[PDB]
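Rule-based calculations on the coordinates, nothing more; no lab input. Note: ideal-geometry Cβ built from the backbone for every residue, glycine included; neighbour counts use all protein chains shown.
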Amino acid sequence: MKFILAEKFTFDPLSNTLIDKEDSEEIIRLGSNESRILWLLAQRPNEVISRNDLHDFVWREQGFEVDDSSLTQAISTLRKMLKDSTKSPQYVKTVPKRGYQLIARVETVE
DNA sequence: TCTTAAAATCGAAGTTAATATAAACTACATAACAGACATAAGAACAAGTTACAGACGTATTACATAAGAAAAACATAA
C-alpha cells in the first residue's frame, strides 16, 4: 500500500521510494532505517510514539542492537532529505520526554 | 417760767419648741376626676452599600537537571 504525506510526497513501505509532486522527475532515495521509521510513524497516524518502542521495533527486527544516537541521526537525515523545517512543526517533530511526532497527512493510495 | 403728761431705756452669751368658748335651705355655675382616642416619639428587625482585611492565588525572577544537537578527535580502509 502506497502512502501520501501532506498531499505532497508519496512513499511506499515496500520499495522505499519518495516522489515529490512538485518535482515528479526527481525520485528521492532514502535509507532503509529512516524509511522504516517514517512508515512506523505513518502506521500510527498523528499520536506520540515512544523513542524506546520505535527504536526497538525498528532495529531489533533487524537482528542487531545499536545505540540511541542512531535514531537521532536517522531522524536528522529524514528531516533534512524531506526538506522539512529545521525546528518548526511542519511534517515531523520531536516531543521531549515523550517521543516523536508526525504532522503530514496520511493518504493511502491502495 | 413753772407743772404735767408723753417718750424712751434698762449686759452678754446659753437656753428657749403651740393651743384648746362661741342657722338653714335652694338654685346655679364652675372646677375636678375619670375614660378613651389619636399622635408624636421610640424601639426592634431586616436590608443596601461601601470598604478594608486575610489569606490564597497569579506573575516576575533566578535556576537544576536531563535530553538533544553540533563539533572535534580518533581509528580504519583505500
* Asked: For the range A:43-73, what are the residues that are under 23 Å from residue A:1 (Cα atoms) and aliphatic (A, V, I, L, M)?
  -> A:48, A:49, A:54, A:58
* Within the range A:30-51, track down each residue that is among the hydroxyl-bearing types (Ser, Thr, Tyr) and more than 16 Å from DNA strand B (Cβ to nearest atom). => A:32, A:35
* **Hey, residue A:75 within 14 Å of the chain's Cα centre (by Cα), among the aliphatic types (A, V, I, L, M) and more than 14 Å from DNA strand B (Cβ to nearest atom) or not** => no
* **In the range A:92-110, the residues that are within 14 Å of DNA strand B (Cβ to nearest atom) and farther than 14 Å from residue A:39 by Cβ** => A:93, A:94, A:95, A:96, A:97, A:98, A:99, A:101
